[PDB]
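Below: one structure, written as structure tokens.
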Amino acid sequence: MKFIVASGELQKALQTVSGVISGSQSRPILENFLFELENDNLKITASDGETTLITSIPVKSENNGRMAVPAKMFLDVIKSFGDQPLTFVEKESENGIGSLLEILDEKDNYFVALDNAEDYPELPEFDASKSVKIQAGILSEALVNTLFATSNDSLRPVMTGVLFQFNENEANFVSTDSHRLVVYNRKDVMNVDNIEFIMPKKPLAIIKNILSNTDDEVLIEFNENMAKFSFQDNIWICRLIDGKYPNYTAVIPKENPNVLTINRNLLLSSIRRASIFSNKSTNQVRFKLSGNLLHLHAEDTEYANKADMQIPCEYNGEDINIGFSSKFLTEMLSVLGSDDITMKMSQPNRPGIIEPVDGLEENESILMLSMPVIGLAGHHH
Amino acid sequence: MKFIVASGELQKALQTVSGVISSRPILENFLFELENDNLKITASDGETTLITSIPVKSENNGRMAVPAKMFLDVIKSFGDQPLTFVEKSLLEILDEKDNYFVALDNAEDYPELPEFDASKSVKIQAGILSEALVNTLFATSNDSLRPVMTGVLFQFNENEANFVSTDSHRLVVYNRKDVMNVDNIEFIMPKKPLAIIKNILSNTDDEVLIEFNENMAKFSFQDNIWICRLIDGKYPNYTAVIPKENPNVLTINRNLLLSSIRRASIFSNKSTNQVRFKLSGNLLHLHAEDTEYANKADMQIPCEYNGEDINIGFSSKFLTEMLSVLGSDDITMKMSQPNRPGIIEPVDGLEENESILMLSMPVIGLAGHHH
Amino acid sequence: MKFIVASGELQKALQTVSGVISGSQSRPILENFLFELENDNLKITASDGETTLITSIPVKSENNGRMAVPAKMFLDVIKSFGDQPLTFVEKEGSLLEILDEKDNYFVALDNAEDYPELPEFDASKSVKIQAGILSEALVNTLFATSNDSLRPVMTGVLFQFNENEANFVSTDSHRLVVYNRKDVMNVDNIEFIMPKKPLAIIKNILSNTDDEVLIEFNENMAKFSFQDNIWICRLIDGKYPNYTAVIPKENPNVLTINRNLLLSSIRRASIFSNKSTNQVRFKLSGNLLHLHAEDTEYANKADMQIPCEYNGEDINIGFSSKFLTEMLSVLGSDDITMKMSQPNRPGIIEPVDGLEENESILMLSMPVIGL
Amino acid sequence: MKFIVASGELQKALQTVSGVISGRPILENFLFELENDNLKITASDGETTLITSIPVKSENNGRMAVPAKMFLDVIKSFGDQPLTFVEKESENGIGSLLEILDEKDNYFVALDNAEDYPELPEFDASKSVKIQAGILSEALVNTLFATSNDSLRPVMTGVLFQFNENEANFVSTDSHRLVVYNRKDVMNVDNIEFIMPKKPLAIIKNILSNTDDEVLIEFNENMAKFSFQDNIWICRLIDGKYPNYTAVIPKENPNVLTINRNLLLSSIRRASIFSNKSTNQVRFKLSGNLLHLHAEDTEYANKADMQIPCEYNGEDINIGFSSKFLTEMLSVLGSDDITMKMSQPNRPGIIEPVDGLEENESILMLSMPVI
Ligand SMILES: [Ca+2]
Ligand SMILES: [Ca+2]
Ligand SMILES: [Ca+2]
Ligand SMILES: [Ca+2]
Ligand SMILES: [Ca+2]
Ligand SMILES: [Ca+2]
Ligand SMILES: [Ca+2]
Ligand SMILES: [Ca+2]
Ligand SMILES: [Ca+2]
Ligand SMILES: [Cl-]
Ligand SMILES: [Cl-]
Ligand code: NA
Ligand code: NA
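Residue numbers (the numbering used here), protein chains in the order written: chain A, 1 to 381; chain B, 382 to 752; chain C, 753 to 1123; chain D, 1124 to 1494.
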């Protein structure tokens, strides 16, 4: 097969599908891009066996073909060029058992050895039974809010992923670990098909880098156990996590009369400083709230360091003494971008509910629950 | 004052009370009070006061403030020898033809304790109290708990004594139906004096008297006195967090479970140190993994399990620490759902009126918390 | 001691000297910053036992003192602030208190008396050099130093000063850089070998200014002084290799070529190169450079034709692409010459443009040799 | 690669070389090289390289970089059982995994890139000496405590090795203590003198057995290569001139104290508690057959005065020594009695064991006096 394509267009297409190639040589055929050339359309596929990324670009050609091109090398090769048309010709090695990909650029020649394309598996016929639509910019903000930066909990399978709930009234995006619950809600995302599914983290991270922040629609189609995203000339296919996500709404305390209103960056930077003085193993801080004063306390009995900070705030509520793991709390505060947050509390053994004060669009809301540190004897019952 | 005492006896007395000396400078001293051949030795950090006394040979009485680290270092540097001490303000030590001097503080500056006016009292055998502390004093606890949960709850009434401790991962309830006192009392002991008391208490039938006033406990045991400031507040209602129905019973060799978790946890993330249990049939599957570094462990442990399949996760350090305190060959762990505590109890070795209950809180995503 | 200073000023000073605290110091006292306060001047010292970094900043205070502050933690603490005045109070198990309005922080301190003092430096010789010239010397030489602790002299940079010029040489036996400045003239003639690690640290602290750096010498130490910084380093003992014997007197085969063009061409060609030697072949004839790379293990190949100016006989010579690209990326000229003799002799790269009047650079690459 | 080995042998092999891995990231790995049922294990900190080898069962060859702390922790968690190790490609990343199979249990340890682990350097031996393992080990037992722990004056941080055709000398000093260990039964044609650094010697002391098995030491410019059974140790030698240690040792020392070692040691330990906190000095006042020990701390008002009967033939002398250095030196000796030979109150005292030395073995431990 032979085709001519602008190197910039080729690089962008290759870069889009490359995030799923892990460098693993356990299935060596999956270290390749799969090129499929048909009627001036170059379809490029990469996969790790569970996530598959596909894109296509127009090219100039007169013939068809299929090629398995080693991905890391070939992308490095394309990256080494400026913007110029490149010619690609598959040649059978004059001495060998397989075939070469030759690149022609003026008087210069390059050869990249190819794998056996017949060994690159075909994807199965996707038989969509349901589909939803969501704008790319909305989906990417959902991923900004639900994908945690740290995740060192060994959770059960349904909670290791992100829940997507779509119905005719709204969409919900939910994630959790032992310290946090994020519920992100869009009442402006409405679909006839009611569907619920759990997306694993790795394809979500891969998709997050590919998604643009635009009003362009993403189609998501579903079969037995896969989701198929379609966005411009891209297709992303992911294995879903089987099972039923817990009834997360039942965990949200109904009454939270103790409302802290505070500048977000002040609370975030204060906790970060205080936790430097706590025990390196647990990184906990205590909140003592009373009047319009937040008293932060951290100490490390092993090393004799201590922090005591008084932070002015708006607090209408009863005196409360409540402890938190600072790393998980500050990560959530870093995800919000508002000037002010509220943290609504009830008892020291119940989660605090963090919400932005400002900065939400009309039909957008987010709820961030932070589970406090509580001795087991004082658990809710 | 002047007295003669064998260095070994003096050393044991000093070591008994030295554990509380860490504070303001007068509290860095031992307080010596000599009265009719009885040398009372007092040490304090301002909240806990430890007292012991030993017989000595003397002809007069007195009071001295002796700097503790220095003096115990000195006594330790001797072999077993009768030593003469003369207060002169210096303390002179005489050993045959050898002379030593230690500078002294002003004893008049050492705070006296107020006269203790007991309103209630309980008694408990030292061995019973000592076992209670073995079961409730955690080897490590790094949680910043609220003040009432940083201590150990003592409950005495006419029917039983209860000893309860907790952190974010554990609840220990130690019950003795053979410890009965007329006085009903409930109080929270801070951990630090409890640790010192655990090392001094013997495993004997000698009785420990505990007396109380407004907010102090005074323990008496042989020639020791321990006076501790109690933690103010009410301990939480711990019985309400113990699940009532636990149809899923694991019976398993404790040492095998303990060593298996220890190995598997080497393969977990160093930050959280968690293992997942997959129970089905008579087989426990242990799984640990470190997603950051691609390490993994999968182990199969034979057991007796009659119950439904369960997939439940635990923090290994806190689980293994409680299992290490128990001494029976087998334990039962009773579970219900993956978001509820598992109840660990020994199979053998409890006396007639002794029971131990250990709750392990599992690792559970907040979305699936109990409700 | 007690002093007040803006957090931003303290952070920059700490950051200046922190690069020599490498973490796991075999002596734990060397994990501290040493603070010495004298007449409103806070002198801050860090050391790994061989290199000592010193800076000082003005502060507001009423007394003097000495403190050893744990470095990693204290820098973390200062970094966690914005630009605000901070109050520091030494409380001598010695503590450091930090006061900010109504907020209080305590950092446990080590014993400053345990921090080693530096010996009185007894300078016998000294040279001066502009900071910008010295840093340019380091930019050109540090990448070529060896990383084997086998030949210590090659892990450093040779410094040569006399009344006519300053010369800087580095090598790892595969590359040689000679950097020469005839506008750096000092009465004292001195020759010495500086270790790479303090040189890298110094390179980041040095600014690109005409302000002078003083270097003073005693038996086997160099003391650099530059503004309010002092850097004291142990010199490498021994004789630097006879590097001029590696430069052939004649290199008649001269390639003249655009630097970025040669650099980007080698970069592309190297993707196809031998994973073991990462070799690119230059085939020169007429006014055409042919670049060839191939990977015998994986069946990839590159053949590139670059028009150039070449005066010499036909030559086919191989070089390590990693070393060649590193060297071409350090130079900044539009054009370079590469002078060669035989296929088993070095290629010598020099910039054509962009050098100051009394500045010259020589970058030698050993060829690839194989059967 | 795939191999089977007893867990106990693997643990012993790993612990032998693991002492050199401190906290470059590639050097935190063991390097495994498997060839014809021989598993060679390498560890290094970049300056010291330790190598051991053990027989294993295998059918293929290979190379692995195994993370050391984790892997040794893993091996330690097993008892004595055969373990199977299989290198597999990672399923989700670019690296490679080491699988450990124990019956139905599977464990995976992520591996580093072995191609990034440095090869051993070509050793070009020019000279060699031989010495029994036990003799060398005893030499290090006597000398390592005396080395300086200040990195100022590097050569004093090592132990001098002197071999010639007549004897071997091992010398250490920190300018306050000097130890000379002499063996007139260690003879080699090659006369060699070199300085070994302290850290590898401490490791080497523990690997060496107390047997007549020969240690071969080969040398080049600044590397020593020790070979002892299936171990290889490669260390960078310390360059520079060791002090002329023979000039501080007085030849004539007419004032000789002979005394039980434990009696002098325990007596100095006691006195040193009462001594000057800055110098920790004790005075010897020797006359007749009486040793008067005196210590005092004028700042804190403590004093010690001891009379010890002894054998002293000499003139009345009043001489002070550091009790900390004296007690350490007496604790390293193991004889029943020691002699301390003195001359003037401002000249060193020389301590030697009285009994227990072999015919051609001598020990000299010199203490610089306080003045
Ligand atoms: Ca066409
Ligand atoms: Ca509906
Ligand atoms: Ca928004
Ligand atoms: Ca009497
Ligand atoms: Ca019992
Ligand atoms: Ca001033
Ligand atoms: Ca700042
Ligand atoms: Ca000259
Ligand atoms: Ca073992
Ligand atoms: Cl979970
Ligand atoms: Cl709590
Ligand atoms: Na008195
Ligand atoms: Na000070």
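Here a beta-carbon is modelled for each residue, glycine too, at the ideal position from N, C-alpha and C.
Mind checking the stretch 24-42 of chain A against chain D and listing, in chain order, the residues whose C-beta falls within less than 7 Å of any C-beta there?
Answer in chain order: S24, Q25 and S26.
D/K1163 by DSSP, collapsed to three states: which one?
Of the three classes helix, strand and coil, the one that applies to D/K1163 here is strand, per DSSP.
Would you mind stating whether A/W236 and A/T87 have Cβ atoms separated by less than 9 Å?
Cβ atoms of A/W236 and A/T87: not closer than 9 Å.
Using a Cβ-Cβ cut-off of 8 Å (strictly less than) and excluding sequence neighbours within five positions of C/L1040, which residues of its own chain qualify?
Hits under 8 Å: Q1057, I1058, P1059, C1060 and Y1062.
Using CA atoms only, rank isn't needed, just tell me which of C/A820, C/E968 and C/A883 is closest to C/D940.
It is C/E968 whose Cα lies nearest to the Cα of C/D940.
Is the stretch 451-464 of chain B touching the stretch 395-402 of chain B in the sense that three or more CB pairs, one from each, lie closer than 8 Å?
Contact holds: three or more Cβ-Cβ distances are below 8 Å.
Within 8 Å: the Cβ of A/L155 and any heavy atom of ligand 10?
Correct: A/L155 has its Cβ closer than 8 Å to ligand 10.
One question on the structure: do A/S270 and A/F328 come within less than 9 Å of each other, judged by their Cβ atoms?
Against a cut-off of 9 Å, the Cβ pair of A/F328 and A/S270 comes out as no contact.
Count Cβ pairs between the stretch 161-171 of chain A and the stretch 249-266 of chain A that sit closer than 8 Å; are there 3 or more?
Flag = no, the stretch 161-171 of chain A and the stretch 249-266 of chain A do not touch.
How far does the alpha helix (DSSP H) with C/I830 in it reach, from first residue to last?
Start and end: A823 to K831.
So what does DSSP say about B/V630, is it helix, strand or coil?
In the structure shown, B/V630 sits in a strand (DSSP, three-state: E or B).
Just the chain A side, please: which residues come within less than 8 Å of C/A1051 by C-beta, in chain order?
Neighbours of C/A1051 on chain A, chain order: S93, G96, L100, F111 and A113.
In the stretch 631-662 of chain B, which residues sit with their C-beta less than 7 Å from some C-beta in chain D, listed in chain order?
Taking 7 Å as the Cβ-Cβ cut-off against chain D, the residues of the stretch 631-662 of chain B that qualify are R643, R644, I647 and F648.
Please state whether DSSP places D/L1259 in a helix, a strand or coil.
Of the three classes helix, strand and coil, the one that applies to D/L1259 here is helix, per DSSP.
So, are the CB atoms of B/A576 and D/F1231 less than 9 Å apart?
It is not a contact, given that the beta carbons lie outside the stated cut-off.
Contact check, residue 1124 of chain C vs C/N816 under 8 Å by CB: the rounded distance?
Here chain C has residues from 753 to 1123 only, and residue 1124 of chain C is not among them.
Whose C-alpha, out of D/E1375, D/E1344 and D/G1218, is nearest the C-alpha of C/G990?
Ranking the options by Cα distance to C/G990, first place goes to D/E1344.
What's the call for D/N1152, buried or exposed, on a 16-neighbour Cβ count within 10 Å?
D/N1152 comes out buried.
Grab me the residues of B/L534's own chain with a C-beta within less than 6 Å of its C-beta, minus the 5 sequence neighbours each way, in chain order.
Answer for B/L534: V545, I569 and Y616, listed in chain order.
Assign D/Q1467 to buried or exposed, taking buried as 16 or more other Cβ atoms, counted over all protein chains shown, within 10 Å of its Cβ.
Exposed, since its Cβ has fewer than 16 Cβ neighbours within 10 Å.
Does the count of Cβ pairs from the stretch 339-355 of chain A and the stretch 571-591 of chain B closer than 8 Å reach three?
Flag = no, the stretch 339-355 of chain A and the stretch 571-591 of chain B do not touch.
Within the same chain, show all residues whose beta-carbon is closer than 7 Å to that of D/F1268, passing over the 5 residues directly before and after it, in chain order.
Here the set comprises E1451 and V1455.
In chain order, what residues of the same chain have a beta carbon less than 8 Å from the beta carbon of B/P743, not counting five sequence neighbours either side?
If we look at B/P743 and ignore the five residues flanking it on each side, its Cβ neighbours are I693, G694, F695, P719, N720, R721, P722 and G723.
Over the uninterrupted alpha helix (DSSP H) stretch that includes B/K393, give me the two end residues.
Where B/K393 is concerned, the enclosing alpha helix (DSSP H) stretches over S388 to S399.
Could you tell me whether the Cβ of A/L181 comes closer than 9 Å to any Cβ of chain B?
Closer than 9 Å to some Cβ of chain B, the Cβ of A/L181 qualifies, so yes.
In three-state terms, what does DSSP make of D/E1151?
Three-state result, D/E1151: helix.
When burial is assigned at 16 or more other CB atoms within 10 Å of the CB, is B/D671 buried or exposed?
Answer is buried; the Cβ neighbour count reaches 16.
Going along the chain, which residues of its own chain have a beta-carbon closer than 6 Å to the beta-carbon of A/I134, five neighbours each way excluded?
Contacts found: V189 and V218.
Just how far apart, CA to CA, sit D/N1385 and B/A387?
Near 21 Å, if we compare the C-alpha coordinates of B/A387 and D/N1385.
Would you mind listing the beta strand (DSSP E) stretches within the stretch 1336-1424 of chain D that are 3+ residues and don't spill past its ends, in chain order?
With a minimum length of 3 residues, the continuous beta strand (DSSP E) runs that stay inside the stretch 1336-1424 of chain D are 1337-1342, 1346-1351, 1354-1359, 1378-1383, 1404-1410 and 1413-1420.
For ligand 2, I want to know if A/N194 counts as a neighbour, meaning its beta carbon is within less than 8 Å of at least one of the ligand's heavy atoms.
Yes, the beta carbon of A/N194 sits closer than 8 Å to at least one heavy atom of ligand 2.
Going along the chain, which residues put their C-beta within less than 7 Å of some heavy atom in ligand 7?
In chain order, the hits are C/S759, C/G760, C/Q763, C/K831, C/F833, C/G834 and C/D835.
Figure out for me which residue from B/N605, B/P571, B/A598 and B/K573 has the closest Cα to the Cα of B/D587.
Of B/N605, B/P571, B/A598 and B/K573, the residue nearest in Cα terms is B/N605.
Mind checking whether the beta-carbon of B/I745 lies closer than 8 Å to any heavy atom of ligand 10?
Yes, Cβ of B/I745 sits closer than 8 Å to a heavy atom of ligand 10.
Is any heavy atom in ligand 1 found nearer than 8 Å to the beta carbon of A/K60?
A/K60 Cβ: within cutoff of ligand 1.
Can you tell me where the beta strand (DSSP E) holding C/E943 begins and where it ends?
Looking at the DSSP string, the run of the beta strand (DSSP E) that includes C/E943 is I942 to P947.
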